[PDB]
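Some notes on the structure that comes next.
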Amino acid sequence: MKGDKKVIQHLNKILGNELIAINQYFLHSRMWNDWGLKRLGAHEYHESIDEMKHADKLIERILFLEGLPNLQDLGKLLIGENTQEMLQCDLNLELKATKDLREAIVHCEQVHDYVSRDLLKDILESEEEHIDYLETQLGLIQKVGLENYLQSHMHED
Amino acid sequence: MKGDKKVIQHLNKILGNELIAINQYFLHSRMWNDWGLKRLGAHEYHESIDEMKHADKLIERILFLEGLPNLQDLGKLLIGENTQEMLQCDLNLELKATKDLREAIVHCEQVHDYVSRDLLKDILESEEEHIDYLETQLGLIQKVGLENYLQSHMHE
Amino acid sequence: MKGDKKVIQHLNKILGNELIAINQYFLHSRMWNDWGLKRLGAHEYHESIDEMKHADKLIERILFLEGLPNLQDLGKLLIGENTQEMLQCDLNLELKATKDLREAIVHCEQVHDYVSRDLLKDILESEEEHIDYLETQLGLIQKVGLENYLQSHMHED
Amino acid sequence: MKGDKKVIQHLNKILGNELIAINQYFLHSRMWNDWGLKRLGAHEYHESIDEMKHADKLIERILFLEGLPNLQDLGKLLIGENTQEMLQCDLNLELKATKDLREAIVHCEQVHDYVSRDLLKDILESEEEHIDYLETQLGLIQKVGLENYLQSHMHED
Amino acid sequence: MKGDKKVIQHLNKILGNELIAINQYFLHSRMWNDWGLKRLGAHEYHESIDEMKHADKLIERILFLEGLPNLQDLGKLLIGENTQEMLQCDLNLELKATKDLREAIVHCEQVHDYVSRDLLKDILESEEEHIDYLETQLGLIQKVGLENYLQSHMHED
Amino acid sequence: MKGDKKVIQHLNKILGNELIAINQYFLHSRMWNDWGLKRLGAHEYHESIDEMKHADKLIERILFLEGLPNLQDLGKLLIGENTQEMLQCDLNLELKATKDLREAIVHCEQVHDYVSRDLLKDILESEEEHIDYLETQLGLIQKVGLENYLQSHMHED
Amino acid sequence: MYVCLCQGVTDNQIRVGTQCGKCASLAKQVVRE
Amino acid sequence: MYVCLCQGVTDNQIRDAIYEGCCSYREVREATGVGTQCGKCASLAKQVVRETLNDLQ
Ligand code: HEM
Ligand code: HEM
Ligand code: HEM
Ligand code: FES
Ligand code: FES
Ligand SMILES: [K+]
Ligand code: NA
Ligand code: NA
Ligand code: NA
Ligand code: NA
Ligand code: NA
Ligand code: NA
């Protein structure tokens, strides 16, 4: 078995985080579409797809390292009731995800699994870009007002 | 005469409902265009067209079953005076339409007219999508405010 | 309201006539299709569509003039039971329609609503073309015989 | 064996009906061609092909359900001697077919084989469209006269 | 009636053989598809179609000669239970078919129906090609072994 | 709330089954790729994607009916240790899925939710096609032998 | 909303039926309230 | 089959732990880690333990 056991635990932890995000973002997307906020719905749909792609890369790496990917343990989804609360739920989730990614990276570095580190760093860059998006949307709600913010997200690009 | 008499009565009733909707939606469309809400006008025009196509299929089915399509009796149009009321009027009409579709389908199933059932099922799916659209708009008025909602429907 | 009250009544009267024609022609079309006289069916379908387009223009004009278009009152459809009766029914309807159009035009002229007059004149020209078509078909039945006439209308194109 | 035995019997009954129709329509088609009524011959050829396609779908469904498709029992072909009698033979056959389809559907519904029901419903729609065609042709013989009706079917579309 | 009565009987006999082969090959095809042997299923489907085309030409020739094509009588299908038996069943059917074709040709020559002879000789050539294919397949089972032979026919070309 | 409460419970139950299948098929896919059985990996990836699309349609329908789609509850995955066990695990899952779909359809019919019934019937048709594929694969293992079966799935199409 | 389209009478104007009469029942109701 | 995906425990590994001296599910769990994470497998793991101990008689 070529894989370090704690590296595999860390990868499975990040994978578990991605699985929560997949489902949370997908449900939020479909809620925004049901409400007629199609621009938000489309954007959130693409966030969910992106997490699916990260999950796939984690699953493949775990198997290469001779571990078993954990697709069974699904943690708590943070579902909002309205647009602002949904954005904040996505942000709370991402802040927990990035903390775990950083710890995973520390450990990879310590045991010299430089390829797993590089994978996790790429995921981290993407998650930080998501945090940038989320903080921006919450800022815009304050700058343009909620009613305008929502109006601007009725129609798709 | 191959058609069941109660099936033909049900199909004529649904046709009656589509004929009301055609006229109501067409008038609402042209009122929205008159007011310069052209995106609502265009959307509503397509709803009217879609009802026309359903009416066509009902007429064709009634004739195949050797019934007499009734295009003479036009029921009551629900015409609103402002955007919010026009949308609610379309919704009230649709709630009645779908109730009648379900009853027609029950009857077709009972007398084994499975093809008439499938025609009605397809109509019902379309009318349910229209309900989805109507509730969504009424909800947007609440979420973005009436002035923004109308603004968003000025331009196609 | 900017429009003359009797102009609006006239336009609503013409609209009322178009609404009868739309349904009468549409039903005749589908009866002909049901019987396999597809060429008659297709031609009558286009007559129905043309009446719809006239109705649309009347509705638009009535709203511009600040009247209320009447789509609620539907008068008597003249439905025939065979080809000869259906054509004569359409002709009977068109003769009444053109009489009302001329009376409406007289009134628009008197109150200087020249744009409404021009719209009505355009509809009138179309209805007179339909009369020509109907008189021609009735004449062809006499000339070629009913059986040949119907045969000639079985296939489209 | 996943299939309900009576569902399989019903499917084999419909299959048996399609096999009769395949042969009856094919022979009628080739008789119309021999007589120089090429438009009828072509149309009837396509009716035969359509029944072949229905038969194929039944055969595939029976095998999926772990039954044995019955291509051995061929019922009575109703062959006509002249155009009107051939059309009526096709109609008599279709009226028996649609009765069997409806009974099959009742049974599928009762045992919750909703996919077999949907297959049979699609077949039924097609057979009813054939009945519409047949009733139309017989009506046209009366409206335009037999000699004109036949003339109109000499040349292909 | 321009046709020799015994020629027409021979043509109907060949037709009857083609009609058996259509159904036998079609069922074998669909059985192979059900089992996932798609290359055999596809090849056998095309054999069925080719028999359909021969039957058509036979029906056309019988009509020209003013006989009655017989599509009502369907003899016994030979349906196998596994790939080796199905191939052998097709081969048994084809050896009977070619014997009948040779006897039909003899009689055509005797009564100077050279066009019917030519049609039968064309069919004979096709059935001999089918015999070649069948003997080849049965030989390949011996040379490559049954498991390899079936493997090679899982995926379509 | 326009939706029948028990319909929504049934739709959530079907959703829960789809969510299990997404993860089970995705993991089986990636396991097969890891082992170099790329044709199985690719086929199973597409099965996972198809379950994702069903889940989407379910979530959309539940929202329209004004229920709460449940993406939080993830039941037990059946993950096999070798190709034969993995296929059987998928098949076990699918037999449970189709039983639940039939029960959901019964209830839809009873409360006249014909559009929800139609959606479920479409899903049922797809799951039955998957059952067909699985039984076929397990049958091919027997017919061609396990080593040949695996060989045939090393290289992608 | 319009109670009578023929005459353009809204429910608020009531708070008619002379032309086609399809609205009579509704107008009579708005009145009986 | 994998009985526990979180800890990668198969039904054969549960039998092995019993054959090697585990006397109960709790002992198998200490030996293998089965059911120590999400817990969704616990009832299936218990069933395998139960069947195994019963067959050992
Ligand atoms: C383990 C969990 C999942 C994984 C690893 C996963 C992975 C993937 C991948 C790799 C794709 C292809 C992306 C691309 O390259 O375009 C995809 C597509 C997609 N996913 Fe997932 N997915 C998961 C769960 C879900 C769930 C739970 C849903 C919905 C509730 C979902 C909805 C979709 C949809 C709608 C598509 C697009 C499919 C198409 O139309 O082609 N996924 N997924
Ligand atoms: C107020 C009454 C009606 C109005 C104002 C109206 C108006 C129109 C208009 C403007 C079009 C588009 C024409 C074009 O640009 O080519 C149209 C199309 C059509 N109409 Fe009507 N119509 C009316 C009633 C009906 C009825 C009662 C029926 C059938 C029962 C019908 C059947 C159709 C059909 C089948 C089309 C073509 C739809 C397509 O694009 O597929 N119409 N109508
Ligand atoms: C079990 C009975 C039969 C079945 C299941 C069957 C099925 C089929 C199918 C699936 C096709 C392809 C249709 C397409 O997609 O274009 C076909 C074609 C055809 N069939 Fe049949 N068939 C049967 C019997 C017959 C018979 C008895 C005849 C003639 C007497 C016939 C004449 C033809 C002809 C001429 C074609 C066109 C072939 C070509 O030129 O490509 N079929 N059949
Ligand atoms: S709607 Fe009031 S009279 Fe016509
Ligand atoms: S599956 Fe065993 S603890 Fe999660
Ligand atoms: K091999
Ligand atoms: Na205006
Ligand atoms: Na909505
Ligand atoms: Na001839
Ligand atoms: Na007809
Ligand atoms: Na199979
Ligand atoms: Na590997």
Side-chain angles (χ1 to χ4, degrees), chain A residues 17-51 74-97 130-131 133-156, chain B residues 87 91 131-146 148-149 152, chain F residues 1-4 7-9 11-13 15-16 19 55-56 58-74:
Chain A
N17 288 340
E18 300 284 334
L19 298 175
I20 293 168
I22 292 170
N23 287 18
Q24 177 172 317
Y25 301 161
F26 204 88
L27 177 55
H28 283 163
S29 166
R30 271 45 188 145
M31 287 167 71
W32 275 317
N33 290 343
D34 173 51
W35 289 336
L37 297 169
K38 302 299 199 217
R39 197 166 178 138
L40 276 166
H43 186 90
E44 191 78 341
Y45 171 79
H46 289 112
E47 297 284 359
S48 183
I49 294 293
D50 283 345
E51 298 290 281
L74 181 63
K76 190 187 167 177
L77 310 195
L78 309 174
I79 310 308
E81 282 172 36
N82 58 69
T83 291
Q84 188 161 341
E85 190 187 31
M86 298 151 72
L87 293 167
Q88 187 66 51
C89 287
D90 290 358
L91 182 53
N92 292 340
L93 194 64
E94 289 298 286
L95 289 167
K96 155 64 141 78
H130 196 183
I131 287 165
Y133 168 85
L134 290 166
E135 289 175 338
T136 297
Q137 302 325 110
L138 296 159
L140 283 169
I141 284 167
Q142 296 303 315
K143 293 183 178 69
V144 311
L146 178 66
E147 287 187 334
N148 279 349
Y149 179 80
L150 296 179
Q151 173 183 39
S152 289
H153 285 83
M154 279 172 48
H155 301 144
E156 266 191 81
Chain B
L87 291 169
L91 178 55
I131 289 166
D132 191 346
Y133 167 81
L134 291 163
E135 290 172 334
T136 298
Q137 299 327 292
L138 287 170
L140 287 168
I141 286 162
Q142 297 306 298
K143 294 181 166 68
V144 309
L146 180 64
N148 281 349
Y149 178 82
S152 289
Chain F
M1 175 178 103
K2 68 170 69 67
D4 178 268
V7 169
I8 291 156
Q9 293 174 342
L11 296 179
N12 268 319
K13 180 175 203 177
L15 180 52
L19 294 165
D56 188 18
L58 288 165
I59 292 162
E60 290 175 338
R61 181 71 180 168
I62 290 159
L63 290 172
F64 171 65
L65 293 177
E66 292 167 74
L68 299 176
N70 185 348
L71 286 79
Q72 173 68 85
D73 298 333
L74 179 62

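What's counted below: heavy atoms across the whole structure, side chains too, no hydrogens, waters or symmetry copies. Order of the sequence lines fixes the chain letters, A, B, ..., with proteins taken first and strands second; residue numbering starts at 1 for each chain.
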Non-hydrogen atoms of [X] and [Y] that approach each other most closely:
X      : Y      : result
F/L19  : F/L71  : CD1-CA, 3.9 Å
A/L93  : A/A21  : CD2-CA, 3.7 Å
A/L77  : A/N23  : CD1-CB, 3.9 Å
A/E44  : A/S29  : CG-N, 3.5 Å
A/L74  : F/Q72  : CD2-O, 3.5 Å
A/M154 : B/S152 : CE-CB, 3.9 Å

Using 0.5 Å steps for rounding, measure from the [atom1] atom of [X] to the [atom2] atom of [Y].
X      : Y      : atom1 : atom2 : answer
A/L40  : A/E47  : CG    : CD    : 11.0 Å
A/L134 : A/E94  : CG    : CD    : 6.5 Å
A/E147 : B/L146 : CD    : CG    : 10.0 Å
F/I62  : F/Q9   : CD1   : CD    : 11.0 Å
A/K38  : A/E156 : NZ    : CD    : 8.0 Å

Look only at the side chain of [X] and the backbone of [Y], and say whether a donor-acceptor pair between them is shorter than 3.5 Å.
X      : Y      : result
B/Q137 : B/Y133 : yes
B/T136 : A/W35  : no
A/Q151 : B/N148 : yes
F/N12  : F/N70  : yes
F/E66  : F/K2   : yes

Report task. Could you please spell out the steps behind the side chain to side chain contact (heavy atoms under 4.5 Å, CB included) verdict for B/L140 and A/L37? Result -> CA-CA 8 Å; B/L140 287 168; A/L37 297 169; 4.1 Å; yes
With the side chain counted from C-beta on, respond yes when [X] and [Y] share a heavy-atom pair under 4.5 Å apart, and no when they do not.
X     : Y     : answer
A/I20 : A/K76 : no
A/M86 : A/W32 : yes
A/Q24 : A/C89 : yes
F/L63 : A/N33 : no

Query raised in the report: Would A/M31 and A/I79 satisfy side chain to side chain contact (heavy atoms under 4.5 Å, CB included), going step by step from the backbone distance to the final call?
Result: CA-CA 10 Å; A/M31 287 167 71; A/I79 310 308; 4.1 Å; yes
Report task. Look at the rings of A/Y25 and A/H130 and say which category their plane angle falls in: under 30° parallel, 30 to 60° tilted, over 60° perpendicular. Result ->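 Rings of A/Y25 and A/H130: perpendicular, over 60°.
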Query raised in the report: Are more than 12 heavy atoms from other residues, nucleotides or ligands located less than 6.0 Å from atom CG of F/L68?
Result: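 Incorrect, the count does not exceed 12.
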Query raised in the report: Do A/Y149 and A/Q142 have side-chain atoms, one donor and one acceptor, less than 3.5 Å apart?
Result: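 The answer is no; no qualifying pair exists.
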Requested in this report: Show the numbers, then the answer: is there a side chain to side chain contact (heavy atoms under 4.5 Å, CB included) between F/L65 and F/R61?
Outcome: CA-CA 6 Å; F/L65 293 177; F/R61 181 71 180 168; 4.1 Å; yes
